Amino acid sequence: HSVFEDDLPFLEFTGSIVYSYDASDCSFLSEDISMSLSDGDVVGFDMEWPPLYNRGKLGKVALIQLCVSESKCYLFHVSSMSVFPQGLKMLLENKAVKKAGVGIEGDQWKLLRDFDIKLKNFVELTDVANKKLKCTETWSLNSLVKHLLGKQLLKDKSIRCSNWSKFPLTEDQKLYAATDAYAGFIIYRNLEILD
């Protein structure tokens, strides 16, 4: 195999991982995020859900991740919350904060389906890459991480496809989920600086 096929080092977030599984805690956390951002700021977005199917559709969203800086990421374990946090809902529906990710449009649906929350102002990293990189490629979060960072995303299938609704989350689940939203934040940031 070519050099381009070599196994690269794993992208691993090493900043602060804030784990929340209580509604009001999550809403106040959402306000902290809003107090630390200005209109236009972008955050890495992503979510997880259990394996088993539910009445003909993917298991209901159990975790939502938001990476707000290069040193901090939030894990909102909604599957363990009595009600969906109002401050998070408002945060996610606030067009003042952009959410970056890959396959994000699909997250919007399902988000609407599972929680009746309308994700507002989301950016599909694939479109941003093709724009700033002056190309027309079919990106994945992994291929973007490889191309721009020289790393690959953690890939233990048993972790990535684990029971995300199982409480509490394991340190591995927390690292995987956190890093995925982190990639989203770093990829957007780097792509945006280009000109």
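Counting begins at 1, following the sequence as shown.
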Worksheet item: Comparing 159-167 with 66-74, which stretch shows the greater average C-alpha B-factor in the deposited entry?
Response: 159-167
Worksheet, complete the sentence: By the entry's values, the third containing the CA B factor of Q86 is the highest
Discussion item. Can you tell me whether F45 has a C-alpha B-factor in the lowest, middle or highest third compared with the other modelled residues of the same chain?
Written reply: lowest
Item to complete: Taking the chain's C-alpha temperature factors as the reference, tell me which third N94 falls into: lowest, middle or highest.
Response: lowest
Fill in: CA B-factor ranking of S36, expressed as a third of its chain
highest
Worksheet entry | Relative C-alpha B-factor of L154, binned into the chain's lowest, middle or highest third | highest
